[PDB]
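Peer 1: Structure: model.cif, mmCIF, C-alpha atoms.
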```cif
data_start
loop_
_atom_site.label_atom_id
_atom_site.label_comp_id
_atom_site.auth_asym_id
_atom_site.auth_seq_id
_atom_site.Cartn_x
_atom_site.Cartn_y
_atom_site.Cartn_z
CA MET A 1 59.34 19.01 -137.08
CA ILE A 2 59.98 15.83 -135.04
CA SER A 3 59.21 16.73 -131.40
CA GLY A 4 60.27 14.09 -128.84
CA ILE A 5 60.18 14.15 -125.01
CA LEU A 6 63.68 15.61 -124.53
CA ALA A 7 65.47 13.34 -121.99
CA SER A 8 68.68 15.39 -121.62
CA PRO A 9 69.81 18.83 -123.01
CA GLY A 10 72.84 19.07 -125.35
CA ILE A 11 73.77 19.07 -129.08
CA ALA A 12 75.42 16.22 -131.04
CA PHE A 13 76.20 15.44 -134.72
CA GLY A 14 76.59 11.96 -136.30
CA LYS A 15 75.23 9.38 -138.77
CA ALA A 16 71.92 7.64 -137.99
CA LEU A 17 72.59 4.02 -136.94
CA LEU A 18 69.39 2.07 -137.71
CA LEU A 19 69.12 -1.34 -136.02
CA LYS A 20 67.26 -3.82 -138.26
CA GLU A 21 66.28 -7.30 -136.97
CA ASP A 22 64.75 -10.33 -138.66
CA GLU A 23 61.27 -11.17 -137.32
CA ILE A 24 61.15 -14.47 -135.38
CA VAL A 25 58.73 -17.00 -136.94
CA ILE A 26 57.53 -19.99 -134.88
CA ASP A 27 56.79 -23.30 -136.65
CA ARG A 28 53.32 -24.63 -135.71
CA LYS A 29 53.95 -28.04 -137.29
CA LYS A 30 53.42 -30.98 -134.89
CA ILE A 31 56.39 -33.37 -134.81
CA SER A 32 56.25 -37.17 -134.33
CA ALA A 33 57.83 -39.11 -131.45
CA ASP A 34 60.81 -39.63 -133.79
CA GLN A 35 61.97 -35.97 -133.62
CA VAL A 36 60.93 -35.33 -130.00
CA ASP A 37 64.33 -36.57 -128.74
CA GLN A 38 66.02 -33.90 -130.85
CA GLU A 39 63.89 -31.20 -129.18
CA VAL A 40 65.25 -32.17 -125.75
CA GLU A 41 68.89 -31.91 -126.89
CA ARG A 42 68.38 -28.51 -128.54
CA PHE A 43 66.37 -27.29 -125.55
CA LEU A 44 68.59 -28.82 -122.87
CA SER A 45 71.79 -27.95 -124.78
CA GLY A 46 70.44 -24.50 -125.72
CA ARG A 47 70.02 -23.64 -122.06
CA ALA A 48 73.66 -24.69 -121.63
CA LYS A 49 74.99 -21.84 -123.82
CA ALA A 50 72.11 -19.45 -123.09
CA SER A 51 72.86 -19.58 -119.35
CA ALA A 52 76.52 -18.94 -120.10
CA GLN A 53 75.92 -16.00 -122.47
CA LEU A 54 73.29 -14.34 -120.24
CA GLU A 55 75.45 -14.98 -117.17
CA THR A 56 78.32 -12.93 -118.69
CA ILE A 57 75.98 -9.98 -119.31
CA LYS A 58 74.97 -9.99 -115.61
CA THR A 59 78.51 -8.95 -114.65
CA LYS A 60 78.57 -6.25 -117.31
CA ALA A 61 75.44 -4.74 -115.76
CA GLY A 62 77.08 -4.77 -112.31
CA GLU A 63 80.52 -3.56 -113.43
CA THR A 64 79.09 -0.99 -115.85
CA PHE A 65 76.21 0.48 -113.75
CA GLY A 66 76.99 -0.95 -110.29
CA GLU A 67 75.26 -3.56 -108.12
CA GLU A 68 72.04 -1.48 -108.30
CA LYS A 69 71.30 -2.90 -111.78
CA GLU A 70 72.95 -6.31 -111.24
CA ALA A 71 70.17 -7.38 -108.84
CA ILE A 72 67.51 -6.99 -111.56
CA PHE A 73 69.44 -9.18 -114.02
CA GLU A 74 70.35 -11.70 -111.30
CA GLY A 75 66.65 -12.42 -110.68
CA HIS A 76 65.91 -12.97 -114.39
CA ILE A 77 68.65 -15.64 -114.65
CA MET A 78 67.07 -17.51 -111.72
CA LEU A 79 63.82 -17.85 -113.68
CA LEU A 80 65.65 -19.47 -116.61
CA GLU A 81 67.46 -21.80 -114.21
CA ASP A 82 64.33 -22.64 -112.20
CA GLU A 83 64.14 -26.42 -112.06
CA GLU A 84 60.36 -26.07 -112.17
CA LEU A 85 60.02 -24.23 -115.48
CA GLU A 86 62.49 -26.61 -117.19
CA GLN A 87 60.43 -29.67 -116.19
CA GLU A 88 57.20 -28.10 -117.47
CA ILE A 89 58.69 -27.19 -120.85
CA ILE A 90 60.03 -30.75 -121.20
CA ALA A 91 56.57 -32.19 -120.41
CA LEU A 92 54.83 -30.03 -123.06
CA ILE A 93 57.15 -31.35 -125.81
CA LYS A 94 56.62 -35.00 -124.80
CA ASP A 95 53.00 -34.60 -123.57
CA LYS A 96 51.67 -32.35 -126.37
CA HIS A 97 54.18 -33.27 -129.08
CA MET A 98 55.16 -29.59 -129.49
CA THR A 99 58.48 -28.26 -130.78
CA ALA A 100 60.95 -26.67 -128.33
CA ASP A 101 60.32 -23.20 -129.77
CA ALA A 102 56.55 -23.66 -129.72
CA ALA A 103 56.43 -25.35 -126.29
CA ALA A 104 58.70 -22.67 -124.78
CA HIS A 105 56.38 -19.90 -126.04
CA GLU A 106 53.42 -21.43 -124.17
CA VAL A 107 55.14 -21.18 -120.78
CA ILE A 108 56.37 -17.64 -121.51
CA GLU A 109 52.85 -16.77 -122.69
CA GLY A 110 51.57 -17.08 -119.08
CA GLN A 111 54.68 -15.89 -117.21
CA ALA A 112 54.62 -12.61 -119.09
CA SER A 113 50.82 -12.19 -119.10
CA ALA A 114 50.67 -13.08 -115.39
CA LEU A 115 53.08 -10.26 -114.46
CA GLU A 116 50.92 -7.81 -116.40
CA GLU A 117 48.03 -8.56 -114.02
CA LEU A 118 50.03 -6.94 -111.21
CA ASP A 119 49.86 -3.13 -110.92
CA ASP A 120 53.47 -2.62 -109.67
CA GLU A 121 56.14 -0.83 -111.75
CA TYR A 122 58.67 -3.53 -110.86
CA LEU A 123 56.39 -6.53 -111.46
CA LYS A 124 54.86 -4.93 -114.59
CA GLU A 125 58.25 -3.97 -116.06
CA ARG A 126 59.40 -7.45 -115.19
CA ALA A 127 56.71 -8.71 -117.54
CA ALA A 128 58.38 -7.01 -120.49
CA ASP A 129 61.87 -8.04 -119.34
CA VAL A 130 60.69 -11.64 -118.86
CA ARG A 131 59.34 -11.77 -122.40
CA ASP A 132 62.83 -10.79 -123.55
CA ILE A 133 64.27 -13.89 -121.84
CA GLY A 134 61.99 -16.07 -123.96
CA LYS A 135 62.50 -14.02 -127.15
CA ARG A 136 66.27 -14.53 -126.98
CA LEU A 137 65.76 -18.25 -126.30
CA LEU A 138 63.64 -18.52 -129.44
CA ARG A 139 66.41 -16.94 -131.53
CA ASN A 140 68.84 -19.52 -130.09
CA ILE A 141 66.56 -22.52 -130.69
CA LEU A 142 66.26 -21.64 -134.40
CA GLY A 143 69.98 -20.86 -134.69
CA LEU A 144 69.39 -17.20 -135.57
CA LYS A 145 72.54 -15.06 -135.26
CA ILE A 146 72.51 -12.36 -132.53
CA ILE A 147 73.62 -8.79 -133.28
CA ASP A 148 76.63 -7.89 -131.12
CA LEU A 149 76.13 -4.17 -130.47
CA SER A 150 79.35 -4.00 -128.39
CA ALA A 151 81.41 -4.42 -131.59
CA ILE A 152 80.72 -0.88 -132.86
CA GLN A 153 83.88 0.82 -134.23
CA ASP A 154 82.44 4.02 -135.68
CA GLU A 155 81.19 6.86 -133.46
CA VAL A 156 77.56 7.50 -134.48
CA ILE A 157 74.10 8.04 -132.97
CA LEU A 158 72.12 4.96 -131.84
CA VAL A 159 68.56 4.86 -133.25
CA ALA A 160 66.06 2.03 -132.55
CA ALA A 161 62.31 1.56 -131.98
CA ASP A 162 63.20 0.32 -128.49
CA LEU A 163 66.11 -1.31 -126.58
CA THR A 164 65.78 -4.15 -124.03
CA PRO A 165 67.65 -3.94 -120.66
CA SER A 166 70.01 -6.70 -121.82
CA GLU A 167 71.00 -4.80 -124.98
CA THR A 168 71.40 -1.57 -123.01
CA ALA A 169 73.49 -3.26 -120.29
CA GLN A 170 75.98 -4.55 -122.90
CA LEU A 171 75.84 -1.39 -125.03
CA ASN A 172 79.21 0.38 -125.51
CA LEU A 173 78.96 3.93 -124.09
CA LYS A 174 82.30 5.01 -125.62
CA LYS A 175 81.24 4.63 -129.29
CA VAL A 176 77.66 5.93 -128.97
CA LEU A 177 77.29 9.74 -128.80
CA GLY A 178 73.62 9.63 -127.72
CA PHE A 179 70.40 7.52 -127.87
CA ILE A 180 67.27 8.42 -129.93
CA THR A 181 64.49 5.77 -129.86
CA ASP A 182 60.69 5.54 -130.27
CA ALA A 183 59.77 4.70 -126.63
CA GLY A 184 56.73 6.23 -124.90
CA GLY A 185 59.20 7.57 -122.29
CA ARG A 186 57.45 6.22 -119.17
CA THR A 187 60.17 4.46 -117.16
CA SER A 188 62.17 3.72 -120.34
CA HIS A 189 65.40 1.90 -119.40
CA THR A 190 67.26 3.69 -122.21
CA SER A 191 66.18 7.14 -120.96
CA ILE A 192 67.15 6.20 -117.37
CA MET A 193 70.76 5.43 -118.36
CA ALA A 194 70.89 8.68 -120.29
CA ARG A 195 69.89 10.79 -117.26
CA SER A 196 72.55 9.07 -115.12
CA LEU A 197 75.17 9.78 -117.81
CA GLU A 198 73.76 13.27 -118.52
CA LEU A 199 74.31 12.56 -122.24
CA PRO A 200 71.70 14.20 -124.58
CA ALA A 201 68.79 11.82 -125.38
CA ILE A 202 65.24 11.64 -126.80
CA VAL A 203 62.55 8.89 -126.93
CA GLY A 204 59.31 10.38 -128.29
CA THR A 205 60.61 10.08 -131.86
CA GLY A 206 57.23 8.64 -132.80
CA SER A 207 57.99 6.89 -136.14
CA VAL A 208 61.49 8.14 -137.08
CA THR A 209 62.75 4.55 -137.30
CA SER A 210 60.32 3.99 -140.21
CA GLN A 211 61.45 7.17 -142.02
CA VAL A 212 65.28 7.04 -141.62
CA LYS A 213 67.81 4.61 -143.13
CA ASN A 214 71.24 3.71 -141.79
CA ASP A 215 73.92 6.35 -142.60
CA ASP A 216 71.45 9.28 -142.76
CA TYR A 217 73.02 12.55 -141.54
CA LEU A 218 71.08 13.76 -138.45
CA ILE A 219 71.63 16.65 -136.02
CA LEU A 220 70.39 16.21 -132.41
CA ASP A 221 69.77 19.66 -130.88
CA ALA A 222 68.31 18.48 -127.55
CA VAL A 223 67.69 22.24 -126.95
CA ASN A 224 64.50 23.19 -128.77
CA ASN A 225 63.37 19.54 -128.80
CA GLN A 226 63.76 19.00 -132.56
CA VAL A 227 65.82 16.72 -134.85
CA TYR A 228 66.87 17.68 -138.42
CA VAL A 229 66.85 14.99 -141.17
CA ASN A 230 68.95 15.53 -144.31
CA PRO A 231 69.86 19.15 -143.37
CA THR A 232 71.70 21.35 -145.94
CA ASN A 233 75.33 22.41 -145.42
CA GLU A 234 74.15 25.98 -144.71
CA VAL A 235 72.20 24.73 -141.69
CA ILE A 236 75.07 22.54 -140.42
CA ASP A 237 77.50 25.47 -140.56
CA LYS A 238 75.15 27.67 -138.52
CA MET A 239 74.78 25.10 -135.70
CA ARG A 240 78.50 24.20 -135.79
CA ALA A 241 79.44 27.80 -134.90
CA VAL A 242 76.83 28.54 -132.19
CA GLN A 243 76.97 25.00 -130.74
CA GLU A 244 80.75 24.90 -130.55
CA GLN A 245 80.84 28.52 -129.39
CA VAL A 246 79.09 27.37 -126.22
CA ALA A 247 81.70 24.70 -125.47
CA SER A 248 84.55 27.14 -126.24
CA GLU A 249 83.07 29.75 -123.87
CA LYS A 250 83.35 27.36 -120.91
CA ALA A 251 86.99 26.60 -121.79
CA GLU A 252 87.92 30.28 -121.29
CA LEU A 253 87.22 30.04 -117.52
CA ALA A 254 89.77 27.24 -116.99
CA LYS A 255 92.23 28.82 -119.47
CA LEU A 256 93.33 31.79 -117.36
CA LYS A 257 92.74 31.40 -113.60
CA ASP A 258 89.24 31.57 -112.08
CA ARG A 259 87.60 33.88 -114.67
#
```
Can the structure from this file be put into structure tokens for me?
Peer 2:
Amino acid sequence: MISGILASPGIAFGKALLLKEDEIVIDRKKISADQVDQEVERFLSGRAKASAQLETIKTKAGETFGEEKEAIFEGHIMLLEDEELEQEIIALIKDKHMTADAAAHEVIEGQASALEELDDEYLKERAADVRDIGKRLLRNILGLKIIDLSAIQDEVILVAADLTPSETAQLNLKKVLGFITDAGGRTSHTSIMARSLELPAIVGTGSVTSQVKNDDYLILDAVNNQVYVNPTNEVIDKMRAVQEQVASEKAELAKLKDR
């Protein structure tokens, strides 16, 4: 009874992989000139590893999807390295006595909102992607661990409310059998990679992420635009025969000669 937008046709079986993240909380406490020096080291030093980690992902986007996607990530890194934005963030900490996480959010607050004022798909989408650059920085400033999605060792379905271009660029396509998320479906980066790879996919899940837990057994039919949650063995057996019968029918052509 879950009808999504159907991004690609096909049928797949696997466990539901739910991605859970800890919410990021900003501290609104004002520090004294005694701890301001520490903010500069964490901010200045944070950019040191952040630039290195993000820089590695840029190559993955170019070697995984080609230079077509590398150009989008290359521009985002320039913003982080802009000598102008760094000086402003530093001034807010010393001028307004704000923490590095709090001061950084102020700059990002206008960079993201400013891009939303433009009515271009690239500039507008850049607004969401730019917010991601600041969101990751916040997780680094507080020392929050990052989930490494490229370390998956079990073949299962990927389920998430939404994926950011950075997470998709470093995603492992060999261990994921499909993508099912709760994205509106308008220019969704996840759906775009799916169409290029022709793998089955869906995005209009609505609220499945709030109704499924990790390890749930799900069947993606990508045919009638419906997903089954907690299906009985009788249902699985029926789809296993008809679904596999389709794949076996195509193998008969290449088994003999040309028929």
Peer 1: When you draw a straight line from CA of residue 121 (chain A) to CA of residue 188 (chain A), how long is it in Å?
Peer 2: 11.4 Å
Peer 1: Considering all atoms listed in the file, tabulate each residue of region 165-249 of chain A that lies at most 12 Å from region 133-146 of chain A along with its nearest interatomic pair and the corresponding distance in Å to one decimal; arrange the rows by chain and ascending residue number and present them as CSV.
Peer 2:
```
residue,atom,partner,partner_atom,distance
A:165,CA,A:133,CA,10.6
A:166,CA,A:133,CA,9.2
A:167,CA,A:146,CA,10.8
```
Peer 1: Can you write out the residues you just picked, keeping C-alpha atoms, as an mmCIF file, in the frame of the given file?
Peer 2:
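For reference, part24.cif as written:
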```cif
data_model
loop_
_atom_site.group_PDB
_atom_site.id
_atom_site.type_symbol
_atom_site.label_atom_id
_atom_site.label_comp_id
_atom_site.auth_asym_id
_atom_site.auth_seq_id
_atom_site.Cartn_x
_atom_site.Cartn_y
_atom_site.Cartn_z
ATOM 1 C CA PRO A 165 67.650 -3.940 -120.660
ATOM 2 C CA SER A 166 70.010 -6.700 -121.820
ATOM 3 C CA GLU A 167 71.000 -4.800 -124.980
#
```
Peer 1: Which is closer to residue 161 (chain A) than all the others in A:96, A:240, A:20, A:255, using all atoms listed in the file?
Peer 2: A:20
Peer 1: Excluding same-chain residues fewer than 3 positions from residue 112 (chain A), what lies within 6 Å of it counting only C-alpha atoms, as a ChimeraX atom specification?
Peer 2: /A:108-109,115,127,131
Peer 1: Just the residues within 6 Å of residue 201 (chain A), please, counting all atoms listed in the file, with nothing from its chain fewer than 3 positions along; format it as number ranges by chain.
Peer 2: A: 7-8, 178-180
Peer 1: When you draw a straight line from CA of residue 90 (chain A) to CA of residue 40 (chain A), how long is it in Å?
Peer 2: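 Value for the CA of residue 90 (chain A)-CA of residue 40 (chain A) distance: 7.1 Å.
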Peer 1: Any idea what the distance is between CA of residue 155 (chain A) and CA of residue 68 (chain A)?
Peer 2: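 We find that CA of residue 155 (chain A) and CA of residue 68 (chain A) lie 28.0 Å from each other.
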Peer 1: Given the choices A:6, A:169, A:85, A:231, which gets closest to residue 58 (chain A) if the distance is worked out from only C-alpha atoms?
Peer 2: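 The closest residue to residue 58 (chain A) is A:169.
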Peer 1: Residues at most 9 Å from residue 193 (chain A), counting all atoms listed in the file, excluding those fewer than 5 positions away in the same chain, as a list in words?
Peer 2: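 Counting all atoms listed in the file, the residues come to residues 65, 168, 188, 198 and 199 of chain A.
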Peer 1: Ranking A:67, A:22, A:81, A:106 by minimum distance to residue 51 (chain A) and counting all atoms listed in the file, which one comes first?
Peer 2: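 Of A:67, A:22, A:81, A:106, the one nearest residue 51 (chain A), counting all atoms listed in the file, is A:81.
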Peer 1: Go through the shown structure with the PyMOL selection byres ((chain A and resi 94) around 12) and write out the matching residues as a PyMOL selection string.
Peer 2: chain A and resi 30-40+87-93+95-100+103
Peer 1: Find the residue from A:251, A:25, A:61, A:2 that sits nearest to residue 208 (chain A); use only C-alpha atoms when measuring.
Peer 2: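 Among A:251, A:25, A:61, A:2, it is A:2 that comes nearest to residue 208 (chain A).
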Peer 1: Using all atoms listed in the file, which of A:225, A:53, A:185, A:239 sits nearest residue 3 (chain A)?
Peer 2: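 Closest to residue 3 (chain A) of all the choices is A:225.
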Peer 1: Carefully work through the PyMOL selection byres ((chain A and resi 12-19) around 9) for this structure and note down the residues it includes, as a PyMOL selection string.
Peer 2: chain A and resi 10-11+20-21+155-161+177-178+200+209+212-222+243
